[PDB]
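Only one chain is given next, in structure tokens, and it is the form solved without the named molecule.
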């Protein structure tokens, strides 16, 4: 059975289980069950399932080289699908809440969930909470008897926490750290001294890399009972490298990819985000260019946004991106070679993850 069809079939199974349990144990009525079914479909479906399918693909790699009964292969693949959906539902939680936090308009070609007429922010904040709860309901039901349950839940909660910490780093990245204060309204930085590579790398590591790359790779190892057969420091290092490249791509697309293709209007400039474009521009600009950037960044005024995008263009940041990409290729290939010492099979799964990321 092809992997994607198995993954989608398991979605239907998990949805049916969750909604039936709401009826049998939480006294839910049919109309609220329908609302939650639509909420689940709208928030969890429609992406590429990169994260969830990485769990399945890692598990498939070990199945190809490991002796198992057929029923065990089926069990492991079912577990990989459930675990993949745990990650997809975690992402769905963060996208629902982040779109509210940021006042976002569109996602995946459609209105953000909180903007649906019958949802509103009052319901959507709680819907996001339910999405996160469902990740745990899934795990306890499907993995109740599994040897990896404790490790999986502990990993999942640390990744969730890291992601929340990363969200804090992201939403505060345009303020001066020494002025953070719940009592005082926060002004945007004027000096942009905290727009550095090291600070950017911290934002991305926590806000994206743990849940997008580390969690799927390690969950795939756990459902395969294969974690002891890799060097976990290498898994972390390669996750944090590929995840950074993934975010840099997304940063470049926020500014330069046409909205029809991105699925939304990018607003990183207006939001004064610490993006790869802004850090790299500030790393090569002259004084006059720095001053013009400062005079126009972080403003909803479209003329000011056009100034910034013009500065980025004239700064030939496409050349910095090519240099950055070539260095990532060097380092990822090096880490893949190191992974081969202990697990050639896992190294190949990582190579696939990199290829998919590099060519998306």
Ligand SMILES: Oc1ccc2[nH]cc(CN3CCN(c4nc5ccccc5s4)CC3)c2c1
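Residue numbers count along the first chain shown, from 1.
A second form of this protein, the form solved in complex with the named molecule, is not displayed here; the remarks below concern that form.
The closest heavy atom approach of residue 138 to the named molecule in the deposited bound form falls outside 4.5 Å.
Proximity of residue 149 to the named molecule in the deposited bound form falls outside the 4.5 Å heavy atom cutoff. Although the partner is absent here, residue 334 is not a contact residue: none of its heavy atoms lies within 4.5 angstroms of the named molecule in the deposited bound form.
Using a 4.5 angstroms limit between non-hydrogen atoms, residue 289 is distant from the named molecule in the deposited bound form. A heavy atom within 4.5 Å of the named molecule in the deposited bound form is found for exactly one of 223, 86, 277, 238: 277. Contacts between 40-59 and the named molecule, taken as any heavy atom within 4.5 Å in the deposited bound form, involve no residue at all.
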